[PDB]
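Going letter by letter, the sequence shown gives residues 107 to 177, 187 to 293, 315 to 398, 415 to 445, 452 to 499, 502 to 516, 521 to 918, 931 to 1030 in the deposited numbering.
Backbone N, C-alpha and C fix where the C-beta goes; we use that ideal spot for every residue, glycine too.
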Amino acid sequence: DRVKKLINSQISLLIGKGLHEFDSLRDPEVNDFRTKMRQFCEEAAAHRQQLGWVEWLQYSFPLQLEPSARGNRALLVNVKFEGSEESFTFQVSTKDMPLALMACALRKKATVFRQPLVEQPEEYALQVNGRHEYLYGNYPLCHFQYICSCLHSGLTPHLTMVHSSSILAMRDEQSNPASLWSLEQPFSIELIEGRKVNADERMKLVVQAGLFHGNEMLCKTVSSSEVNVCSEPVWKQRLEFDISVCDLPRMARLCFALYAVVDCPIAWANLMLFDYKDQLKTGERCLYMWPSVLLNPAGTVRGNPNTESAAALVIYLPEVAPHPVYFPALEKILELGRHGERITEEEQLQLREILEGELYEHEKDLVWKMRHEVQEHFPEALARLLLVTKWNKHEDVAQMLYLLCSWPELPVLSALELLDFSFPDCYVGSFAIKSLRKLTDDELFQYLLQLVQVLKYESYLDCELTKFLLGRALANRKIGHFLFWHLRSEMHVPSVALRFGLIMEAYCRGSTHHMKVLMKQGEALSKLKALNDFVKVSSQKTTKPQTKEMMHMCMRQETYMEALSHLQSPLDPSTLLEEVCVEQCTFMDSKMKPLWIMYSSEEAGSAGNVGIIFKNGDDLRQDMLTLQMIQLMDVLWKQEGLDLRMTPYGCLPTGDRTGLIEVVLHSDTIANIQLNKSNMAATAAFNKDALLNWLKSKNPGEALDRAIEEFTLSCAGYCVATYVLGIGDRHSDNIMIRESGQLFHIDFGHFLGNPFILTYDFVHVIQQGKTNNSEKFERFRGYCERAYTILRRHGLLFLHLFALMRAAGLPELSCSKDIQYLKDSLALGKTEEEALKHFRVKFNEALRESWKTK
Ligand SMILES: COc1ncc(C2=CCOCC2)cc1NS(=O)(=O)c1cn(Cc2ccccc2)c(C)n1
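What follows is the structure, given as structure tokens:
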């Protein structure tokens, strides 16, 4: 009671909506989800408290492995023991494992402390200093991301020996407290009246209604008659559809569109015909309509929360039978689908050709006929077969479901295709999730953004995907972190606020301690929004140095100092944002005046000096998606042994036009480097030299050659990344360069088209200052070609991922026309020889554009 009230109030604070609002709906579906999902999440919390210390480290601190390790050299390492000021620096090998490194630190300590130790290397874990990152398991040292980062950046790994007891004590501190088929009658409804309708009185009103199974129409759309435009239009008419009640699939949805004709749309609303308990809906239903910007089947099946302002459409769902009618159970379906129906040698080859991607009408009749041959010989062709199935014929669906339920578990790639709205069947969705269960946390984390979007196409609150995502978030603290932030950022959207809000409440019941951690993070973002508003005002009246000192005063207050300090980074929970360095903080000159908040850690040293950018006024969803795609490219390339020294820095929308960006330290823009400022080391005689002179100055003597190599490699990666992804609006200010030579792009507002790019100032670097250096240039051309063909081998993965992101609601990613850019860029409808010929020609075409500068 005393703690139940507090947990509830903290959840309300955290999710940005009171739990009383949930109960105010007096909604069975909402109530049944809450009860069932609190129970499922409490079971998770209990499982966690009975984990072993290593399994608990796998929960709180999942391993950060190098892409090539997933599925020799000398190394200087610094080790200390938790509580001790003293440390040991020793030589290890990249091929050595943490148990060898621990056994070694236990020897040094045993000789310094003069006694043979009882403790064994198996009782310890290696914490990365001042980070929520550990090194454990039987993986050689080079396979860990931290060790790799260190090896490249020339820094010494600083590790701490954590005893199992310390980890177990840590666990306890973080513990939770204690029949349809007989009805041949056509589908009919009554369009009674409209309410709160606003439109031109010169025009007339009409209602268009259509029956959908996803996108595919179940029958012809039906329109009402033309009534006069007013606030309350009264139709009181019948709309009969050319489909029998028996043929209604489980996931059938009635779609409405209210518009004004002489063509202007007013509003849209849809609903499921069967409720969450599989009962066919009857009685009077009020559809609180959403504004239209003519049917929208993809749109949500829940009403517009703004009941006061919104237009309403009152409909009557007629009583079909004297008793309640439920959708048949799987047992009745697999019974009807069991009984069905030889094939010819030539039609067996015609099939092998069209299963190896739209088809003609006669081929559908062939893929349907050979459905058992599809299951047995081409199991990966499920999706094409599912698209030739008539979801308007109840026996054809029964036949399909009989095969799906015997169908083997598909690879992840195929299962991702099945999450598309094009496959709205629930037994199809459950099958897809069943085939995704084999995703590792690293694969899961990679596609997590796309899976949160898929949640928006869901017709009900209680689903296998919510159960899947919830179970995985509670079993891995990093997944839980990012599932929380993807949902939390979309709370300002009334169409997803209910589902996302209820999901986040469930997670919180399963993770009280993590709710407290995320509360600390929201508390910091609250102060930043308030510091940003002050900065936005102050800067329009006073000068930038003055506004900066005023920002520093405002930050120095008790509430600001406590909120902004000692939190886990929402960009990386492994990164602890410790001590805010007030003197180093500032903001950009742009419209939104984004804040640059700088942090330091006494515990983490060099690695604790981090920077975050708080942005308010701009939508950061497309930046995040692009950066995630660049990250995917990098993983894909590293898996094929290619490290193109990419910088896919963190970017996280946190709320309404609000987000954080990861500051890449020790980097500058080409614009600032090119400014060729006097009384600087880099001062060039010719602007073509500025970039190379800046590189020379940050990398003395022997180091310059490696910086030129870091530049070339990262240049090859971004040339391909921006080409494949259609990144435009490229200027010297949104192309950055790191002190180590790595080139990277920022600010991804325009992608998917909205020609390949090459600059002679980059070519000068690649060529080591030499005017003619085709040895070095062509090495770069080959880096592009190898990178491009690795991406094409995975072209389907980019397509399936981008397809799922149509649910996100991005204006530059909403229809098929957008994904055509990727189809063209990855030239997937061609052979590798025909695509590589096209890459070479586009690289040569981008070169002839560059040569105009030279
Ligand atoms: C989407 O917007 C952003 N995306 C990424 C960044 C990052 C900056 C550095 O670390 C990597 C991430 C920053 C922003 N937003 S902004 O308003 O700060 C910004 C700064 N700049 C040029 C600039 C950069 C650095 C130093 C001086 C000036 C531009 C063009 N935008």
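Proximal residues to residue i (C-beta, below 7 angstroms), its chain only, five neighbours per side dropped
i: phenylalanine 1019; result: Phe932, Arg957 and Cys960
i: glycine 781; result: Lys755, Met756 and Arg821
i: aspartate 560; result: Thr553 and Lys554
i: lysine 598; result: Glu573
i: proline 543; result: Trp571, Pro572 and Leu574
i: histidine 970; result: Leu800
i: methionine 683; result: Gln116, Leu119 and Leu120
i: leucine 1002; result: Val888, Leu967, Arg968, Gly971 and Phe974
i: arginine 535; result: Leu549 and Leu567
i: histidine 558; result: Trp317, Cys382 and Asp383
i: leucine 453; result: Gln344, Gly346, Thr357, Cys391 and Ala393
i: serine 208; result: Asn187, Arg188, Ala189 and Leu190
i: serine 764; result: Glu742, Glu743, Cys745, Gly772 and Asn773
i: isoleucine 113; result: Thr676
Cα-Cα separation, residue i to residue j
i: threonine 504; j: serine 318; result: 36 angstroms
i: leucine 740; j: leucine 394; result: 52 angstroms
i: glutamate 873; j: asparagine 840; result: 23 angstroms
i: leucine 1012; j: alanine 963; result: 11 angstroms
i: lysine 779; j: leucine 567; result: 51 angstroms
i: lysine 602; j: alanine 596; result: 11 angstroms
i: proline 758; j: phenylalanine 751; result: 5 angstroms
i: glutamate 1021; j: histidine 1014; result: 10 angstroms
i: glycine 644; j: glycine 498; result: 46 angstroms
i: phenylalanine 139; j: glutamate 766; result: 45 angstroms
i: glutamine 563; j: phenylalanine 259; result: 49 angstroms
i: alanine 487; j: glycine 495; result: 13 angstroms
i: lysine 111; j: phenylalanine 196; result: 41 angstroms
i: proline 455; j: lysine 952; result: 54 angstroms
i: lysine 340; j: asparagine 422; result: 22 angstroms
i: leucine 808; j: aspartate 798; result: 7 angstroms
i: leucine 824; j: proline 385; result: 44 angstroms
i: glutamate 436; j: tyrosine 621; result: 25 angstroms
i: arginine 652; j: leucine 125; result: 15 angstroms
i: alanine 469; j: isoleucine 328; result: 14 angstroms
Spatial neighbours of residue i in its chain, beta-carbon cut-off 6 angstroms, leaving aside the 5 residues before and after
i: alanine 218; result: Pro236
i: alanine 150; result: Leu638 and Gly674
i: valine 243; result: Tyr261
i: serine 166; result: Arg641
i: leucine 515; result: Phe542 and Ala545
Anticipated Cβ contact below 8 angstroms, residue i with residue j, distance rounded
i: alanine 225; j: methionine 276; result: Actually they are not in contact, since the Cβ atoms of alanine 225 and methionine 276 sit about 12 angstroms apart, beyond 8 angstroms.
i: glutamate 804; j: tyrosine 813; result: Incorrect: roughly 23 angstroms between the Cβ atoms, too far for contact.
i: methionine 725; j: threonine 833; result: Going by Cβ atoms, the distance from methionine 725 to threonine 833 rounds to 31 angstroms, so no, they are not a contact pair.
i: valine 370; j: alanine 335; result: Rounded, the Cβ-Cβ distance is 15 angstroms, inconsistent with contact.
i: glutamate 172; j: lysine 802; result: 7 angstroms
i: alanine 854; j: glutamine 838; result: 5 angstroms
i: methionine 788; j: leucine 889; result: Going by Cβ atoms, the distance from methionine 788 to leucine 889 rounds to 13 angstroms, so no, they are not a contact pair.
i: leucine 549; j: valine 538; result: 5 angstroms
i: residue 449; j: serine 367; result: Missing from the coordinates: residue 449, inside the break in the chain from 445 to 452.
i: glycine 913; j: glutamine 795; result: Not really, about 18 angstroms apart at Cβ, beyond 8 angstroms.
Cβ neighbours of residue i in the same chain (closer than 8 angstroms, five flanking residues each side left out)
i: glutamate 607; result: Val576
i: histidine 153; result: none
i: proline 658; result: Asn462, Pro463 and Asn464
i: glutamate 747; result: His716
i: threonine 790; result: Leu889, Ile891, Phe912 and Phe915
Counterpart residues of residue i in DSSP-defined beta bridges
i: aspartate 832; result: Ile901
i: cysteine 438; result: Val472
i: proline 480; result: For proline 480, which the question treats as bridged, DSSP gives no partner whatsoever.
i: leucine 816; result: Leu824
Is it true that the segment 269 to 289 meets the segment 349 to 365, where meeting means three or more beta-carbon pairs spaced less than 8 angstroms apart?
-> Verdict: no, contact absent.
Would you be able to state if there are at least three C-beta pairs under 8 angstroms between the segment 320 to 332 and the segment 373 to 388?
-> Because the criterion of three Cβ pairs below 8 angstroms is met, the segment 373 to 388 and the segment 320 to 332 touch.
Do three or more CB pairs link the segment 145 to 164 to the segment 622 to 641 at distances below 8 angstroms?
-> Segments in contact, yes.
Check whether the segment 851 to 868 touches the segment 889 to 899, counting contact only when three or more Cβ pairs, one atom from each stretch, lie closer than 8 angstroms.
-> Of all C-beta pairs linking the segment 851 to 868 to the segment 889 to 899, fewer than three are shorter than 8 angstroms, placing the two stretches out of contact.
Cβ pair count under 8 angstroms reaching 3, the segment 874 to 882 against the segment 904 to 914 | Contact between the segment 874 to 882 and the segment 904 to 914 is present: three or more C-beta pairs spanning the two stretches fall below 8 angstroms.
Report yes or no: do three or more beta-carbon pairs, one from the segment 660 to 674 and one from the segment 691 to 706, lie closer than 8 angstroms?
-> Because the criterion of three Cβ pairs below 8 angstroms is not met, the segment 660 to 674 and the segment 691 to 706 do not touch.
Inter-stretch contact at 8 angstroms, needing at least 3 Cβ pairs: the segment 189 to 197 / the segment 264 to 274 | With a cut-off of 8 angstroms on Cβ pairs, the segment 189 to 197 is in contact with the segment 264 to 274, counting three or more such pairs.
Kindly confirm or deny that the segment 469 to 489 and the segment 425 to 438 touch, where touching means at least three C-beta pairs closer than 8 angstroms.
-> The segment 469 to 489, when compared against the segment 425 to 438, does touch it at the 8 angstroms Cβ threshold.
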